[PDB]
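> Structure for this input, please:
(6 chains, ligands or ions: 16)
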Amino acid sequence: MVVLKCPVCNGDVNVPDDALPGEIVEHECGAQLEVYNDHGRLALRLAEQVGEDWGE
Amino acid sequence: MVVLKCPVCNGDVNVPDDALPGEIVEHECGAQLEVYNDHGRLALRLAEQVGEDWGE
Amino acid sequence: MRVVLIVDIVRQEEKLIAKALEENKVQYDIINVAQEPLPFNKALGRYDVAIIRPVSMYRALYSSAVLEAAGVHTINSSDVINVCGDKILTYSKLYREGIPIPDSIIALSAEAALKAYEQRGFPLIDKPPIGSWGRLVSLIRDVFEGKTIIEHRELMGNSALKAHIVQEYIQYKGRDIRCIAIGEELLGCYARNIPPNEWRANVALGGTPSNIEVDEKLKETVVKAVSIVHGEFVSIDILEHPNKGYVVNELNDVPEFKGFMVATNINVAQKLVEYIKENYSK
Amino acid sequence: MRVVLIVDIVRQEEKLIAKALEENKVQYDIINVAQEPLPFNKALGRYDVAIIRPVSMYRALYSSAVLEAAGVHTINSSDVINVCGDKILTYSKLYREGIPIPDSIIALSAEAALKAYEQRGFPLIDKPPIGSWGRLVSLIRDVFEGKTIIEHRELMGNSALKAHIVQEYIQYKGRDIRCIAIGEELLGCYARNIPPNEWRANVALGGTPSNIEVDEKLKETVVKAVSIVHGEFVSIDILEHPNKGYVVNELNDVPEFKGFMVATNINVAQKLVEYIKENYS
Amino acid sequence: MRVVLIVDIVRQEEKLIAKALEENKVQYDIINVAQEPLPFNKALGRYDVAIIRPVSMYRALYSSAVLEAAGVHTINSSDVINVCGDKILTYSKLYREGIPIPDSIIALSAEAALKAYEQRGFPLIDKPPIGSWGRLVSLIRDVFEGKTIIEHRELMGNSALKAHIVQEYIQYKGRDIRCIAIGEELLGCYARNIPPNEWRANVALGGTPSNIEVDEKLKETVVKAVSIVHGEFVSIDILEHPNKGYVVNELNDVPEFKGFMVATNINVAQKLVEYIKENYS
Amino acid sequence: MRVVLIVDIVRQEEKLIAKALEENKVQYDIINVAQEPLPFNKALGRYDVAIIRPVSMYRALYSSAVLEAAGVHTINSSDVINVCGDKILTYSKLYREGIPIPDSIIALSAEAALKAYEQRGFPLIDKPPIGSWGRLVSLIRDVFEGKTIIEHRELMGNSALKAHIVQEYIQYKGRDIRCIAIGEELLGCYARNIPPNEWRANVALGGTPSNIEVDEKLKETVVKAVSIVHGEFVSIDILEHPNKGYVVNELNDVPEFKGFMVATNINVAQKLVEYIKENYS
Ligand SMILES: Nc1ncnc2c1ncn2[C@@H]1O[C@H](COP(=O)(O)OP(=O)(O)O)[C@@H](O)[C@H]1O
Ligand SMILES: Nc1ncnc2c1ncn2[C@@H]1O[C@H](COP(=O)(O)OP(=O)(O)O)[C@@H](O)[C@H]1O
Ligand SMILES: Nc1ncnc2c1ncn2[C@@H]1O[C@H](COP(=O)(O)OP(=O)(O)O)[C@@H](O)[C@H]1O
Ligand SMILES: Nc1ncnc2c1ncn2[C@@H]1O[C@H](COP(=O)(O)OP(=O)(O)O)[C@@H](O)[C@H]1O
Ligand SMILES: N[C@@H](CCC(=O)O)C(=O)O
Ligand SMILES: N[C@@H](CCC(=O)O)C(=O)O
Ligand SMILES: N[C@@H](CCC(=O)O)C(=O)O
Ligand SMILES: N[C@@H](CCC(=O)O)C(=O)O
Ligand SMILES: [Mg+2]
Ligand SMILES: [Mg+2]
Ligand SMILES: [Mg+2]
Ligand SMILES: [Mg+2]
Ligand SMILES: [Zn+2]
Ligand SMILES: [Zn+2]
Ligand SMILES: [Zn+2]
Ligand SMILES: [Zn+2]
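Numbering: from 1, shown residues only, chains lettered A, B, ... in the order given. Ligands and ions are numbered 1, 2, ... in the order given. The protein structure is shown below:
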């Protein structure tokens, strides 16, 4: 898979080939992360917190 | 007019004969108060603070 | 006919409507929905018409919905309250039908807001879809101001306040125009003049009322806008663009009218009660 | 036909919808509205249909409204999102048409909420009109519990969370019923079984899916409910009352369906894309 | 001697303090910190003593801090306001010195709060470290109630409200004990009796006053707690525990005292002004 | 000697401290306070020293308070976290001691904030007492911007955010100076350079590191400030002022130090572990 850096702990994050931009991945540091596209790169940033209007 | 007690500072509030229950009155202590009906009595409670959905 | 006047905070406007009900011999009750719960059943069907007057837009929306479920005709309706109380929903309906609105871009995150500023350039207005009295309507004139406003919106507790309406700044006359319509017919218009140290025209913020000549294009604009959204008793805010003329900025579902009255001398509460008697007598 | 899939967080449901669009050879783009702003102009009119999938109800609502302004047909529509997204508005529509709902009283202040508890008696359910996944759905069994819940709601930052739906508590089977409709036709139903230490059936809270038999009374209740609110792709939550039978509890405008698939073996994303192709090509 | 009285909303307490200042021939000014800003400079140094009385905790803390920067002695001091304003900080100081407190577990996340409920068992008290008038002090009877409370507090706008103080529920005398100290000397105590339909004693919530006799153990507990926090004009809340005896529940750094006055007929404002005249002239 | 390392989200800084503890043969445990509750009891007294590293200020504050209750020496202490975490409390201690700070006016209401803007004139900086990474630090250029900022902060859910620190805008070197002190001795300093399209120097906002030579005046200002707050492991932010020279802008009680390490090639974690070993064994 692809190896991306955690924007929180700088650890290594193994992101599956399954992953699409916008998917959530959990890292061992305790951070929830979102994958996004930066030009030709997949990258990770801090995921949003659950909003009071979130769900179905 | 009627003399009602401020629920904040215990001082005297002069409420007009105009007064309907639900009307707002300011007092010298800095409190915003709302007129309400308690059986045969007009009384004063602390007014609500402005909400993010308040207005037209 | 039995009317219910639904209130939370009683302002001059509510007092004037109650007085006009009394003066025109209309049987009515007041229910304060900040005090009394409302049941989903047939009990409230004792009222023919409900005049929806809470200051809280959510209280207006929900009291109207509960009364409608009992078969009470509400003014305004919950569908009108939902749409007029939300600037994005209002702009959607207006835009679709060819009513001119300010050139606008919607940004649903801090990231998207910054992109919107970058796409449009400065100056711009950024305001949320909910709010009244000018609250959080922000003039953004450079990237520093833009960045700090974005940060501030991110900390709001109502996630709808995190949606950004980013639009062209339209002001060259020092006022905006406020009209009122009853039964989808124009009642009147006046100018709210912007006070020193303000960028906003709201009477709540110090805007001073004065009269205007109402020309045909203005009347036609207001009438079409109100007909699109189907409001029975609504206000409309209009901006004047140096090239494009009249641009509809918003509509409001629980209109205030103290300023309207000083400028136009129209007895708004009397016109409303007359309209209700005309159309809903039983 | 050109389709746009509107997303913020991409969950398994969004991935399956994108896969179904691909496999059925539908041209589609994905716009992430947590990343891209949306203009009020005619540019978006290049799309014939938008599938509205943000997790944020306000994002779903507003993205739908912008796309509609450009003449794009949205699934669901902004009118449906607004109604199904709000339980008071949904109840109002359903009650007016004689669809059974839980016996409900609406309280729009702390004072009004305590009066509603007193009118109704205990036990009761108190939930706000906005929310999903069981969030703030509270079981109120005595006045101490009611008083503390009232205080907690008063400190919420979204004033819609301060509106109280105070309802009879309907549960004697240990589950609720979840159905999905596409095109105002029933796709299927299944049961969400309440897990230990819960009062709520949501799959998000540990609710376990199982299959059920769908009798004519259930089908007709659902179909009527969906018809009243005009949802194109919606879920419906049904409670079972020991005397009254099926009672409609809520409808949802951006339905999740992982649990629905494990129970029914229905390829929901495939069924959705087939519907869109058949109706909007 | 020149005194400054710092206020935002002038309650009966602040009016009674202003009156006592006037009647004891003390020169004084009032600054309303909801109206006037306070610079960090040497201007405020004209005051010998500040009596800090805003209703808002933040306003009391920050007005105290600005006045202290100018060399004004404040009653209470900013560090006392910080510690007494926060139950965790107060409990920490008290526990370290061996002053009895309710048995408490601190939980700093939703996950940790559920674990703490599991450790303690039901019923229990869960309150946040900030608040007055009983606000968000919850009697949790079972896991359903616990889960809904955790959920509500996660959605609040002040992170201190996400800290859970999980305590044994003390149920013994149907009251709590409210004391006042000035200059670390006990002024006196009275009882606040829990009214029907309550679990809380606060007068604000319908608590009704009555008198108690202060024994040596109560006096020592109160005075020792006050000296640990260095509080100069504070209230102390005490709970009677069937095994531990008197346990300290909290201290308050801007005490209300109309209840105290009704209960004891002690002129708190007069005693406060006399104390200041005695020690700061 | 036994150490406990208190964490919630494990950033590079926490990983480097853990690594340093093991490489230096220090007996240590990690407690994650986002996962585990902490009781007020004597059980935590098994630790000699606690290194307080949660990312949340309230988790840092309260985890420190509970450990201190058990008699554990915490780095930093709850008293230091309370003062360093709050800009107003920090400025108050520094100003009283004659340590230069930016010229500041505190406004504790919307009305007072507008008055303070009128006293200061534009441009000015308005920031709340609480926050990191430059959050809500606003450069106010005119009354229109000021009025909108006041309105926004009035709608926030933490009352501390309603307190405005209205300060002179310092614009001189296009950077700020960031120092670290351990045991109240200066470890070192570097410069954070403000990037294009910013008014703020934070590395988190794109601030770029460079080196400076620390002169005696800088060292004295930093050591004096750290000594006044009694901080044992803290960072210090200094602004260069064209008339005042070095002014202290803030202190941080859970300092990040990745930028410091890159800029100085000083092994901060190692020095910290050496310090603890040297003083608490
Ligand atoms: N795009 C705009 N251009 C110029 N002025 C605007 C714009 N949007 C809002 N305003 C000003 O701000 C005031 C309030 O904005 P409005 O959109 O009417 O929201 P509200 O519902 O808060 O009144 C308006 O009366 C007008 O003076
Ligand atoms: N009136 C009620 N009686 C019994 N259970 C209810 C009631 N309302 C909600 N619930 C339970 O709580 C769960 C979530 O409530 P629901 O109204 O569906 O809101 P949401 O949109 O959060 O899912 C339901 O699946 C059901 O188990
Ligand atoms: N652990 C407890 N056991 C029993 N009663 C409690 C406990 N904690 C609080 N209370 C009750 O709740 C009331 C308010 O709680 P308190 O902790 O004093 O908070 P506040 O600062 O809001 O007054 C107390 O007077 C007491 O009656
Ligand atoms: N009075 C001021 N004058 C000039 N720049 C300032 C001032 N206050 C803050 N800043 C800038 O903003 C940045 C962040 O502000 P700071 O007060 O350190 O808050 P934070 O705690 O969020 O880092 C500082 O690094 C500095 O570059
Ligand atoms: N809400 C409107 C009221 C105008 C009026 O009173 O006519 C405003 O503040 O401008
Ligand atoms: N939001 C629904 C999803 C059910 C499903 O996946 O079918 C729940 O949590 O119950
Ligand atoms: N805040 C205290 C005041 C008690 C008193 O006035 O003495 C209470 O509500 O109980
Ligand atoms: N929070 C600091 C970190 C500096 C550092 O890592 O040294 C900043 O953003 O500038
Ligand atoms: Mg307007
Ligand atoms: Mg549901
Ligand atoms: Mg108390
Ligand atoms: Mg800083
Ligand atoms: Zn990580
Ligand atoms: Zn008063
Ligand atoms: Zn408006
Ligand atoms: Zn739902």
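> Which residues of chain A lie near chain F?
Listed as neighbours of chain F in chain A under the rule CB under 8 Å from any CB of the partner chain: A:8-11, A:28-31. The C-beta positions use only the backbone N, C-alpha and C, and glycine is treated the same way.
> and those, which are buried?
Among those, those buried by neighbour count (16 or more other CB atoms under 10 Å in any protein chain shown) are A:8-9, A:29-31.
> and stretch A:41-55, which residues are buried?
By neighbour count with 16+ other CB under 10 Å, stretch A:41-55 contains the buried residues A:43-44, A:47-48, A:51-55.
> Out of the residues of chain A next to chain F, which comes closest to residue F:91?
Nearest to residue F:91 among the residues of chain A next to chain F is residue A:8, at 30.8 Å by CB to CB.
> Report the contact partners of the closest one.
Contact partners of residue A:8, counting by CB atoms under 8 Å, 6 or more residues apart in numbering or on different chains, are A:27, A:29-31, A:33, A:46, F:9, F:11.
> try it again with 6 Å
A:29, A:31 (CB atoms under 6 Å, 6 or more residues apart in numbering or on different chains).
> again, but for residue A:26
Neighbour list for residue A:26: residue A:32 [criterion: CB under 6 Å, 6+ apart].
> List phi and psi for it.
phi -100, psi 140 (degrees, to the nearest 10).
> Who does it form a beta bridge with?
residue A:32 (DSSP bridges).
> Could you do residue C:246 as well?
If you apply DSSP bridges, the partners that residue C:246 bridges to are residue C:240.
> what about it, how many neighbours?
Residue C:246: 19 surrounding residues under other CB atoms under 10 Å in any protein chain shown.
> Just want to check the distance between it and ligand 1.
From residue C:246 across to ligand 1, the span is 13 Å (CB to the nearest ligand atom, to the nearest Å).
> Quick check, that residue in contact with residue C:222.
No: the pair residue C:246 / residue C:222 is not scored as a contact, 8.6 Å apart, by CB atoms under 6 Å.
> Ramachandran coordinates for the residue of the stretch 1-150 of chain C found nearest chain B?
Of all residues in the stretch 1-150 of chain C, residue C:132 sits closest to chain B, at 2.1 Å by CB to the nearest CB. Phi and psi for residue C:132, reported as degrees, to the nearest 10, are phi -150, psi 180.
> Backbone dihedrals for the residue nearest to it when sequence neighbours are not counted, please?
Using CB to CB, 6 or more residues apart in numbering or on different chains and skipping the chain neighbours, the partner closest in space to residue C:132 is residue B:55 (2.1 Å). The phi/psi pair for residue B:55 (degrees, to the nearest 10) reads phi 140, psi -150.
> Smallest gap between chain C and ligand 4, at which residue?
residue C:151 (10.5 Å; CB to the nearest ligand atom).
> So that residue: helix, strand or coil?
Assigned by DSSP: H, G, I helix; E, B strand; the rest coil, the conformation of residue C:151 is helix.
> can you count the residues close to it?
Per other CB under 10 Å, the neighbour tally for residue C:151 reads 17.
> any idea how far chain F is from it?
Computed as CB to the nearest CB, to the nearest Å, the residue C:151 to chain F distance reads 6 Å.
> same thing with residue C:22?
In this view, residue C:22 and chain F are 38 Å apart by CB to the nearest CB.
> Nothing else from me, thank you.
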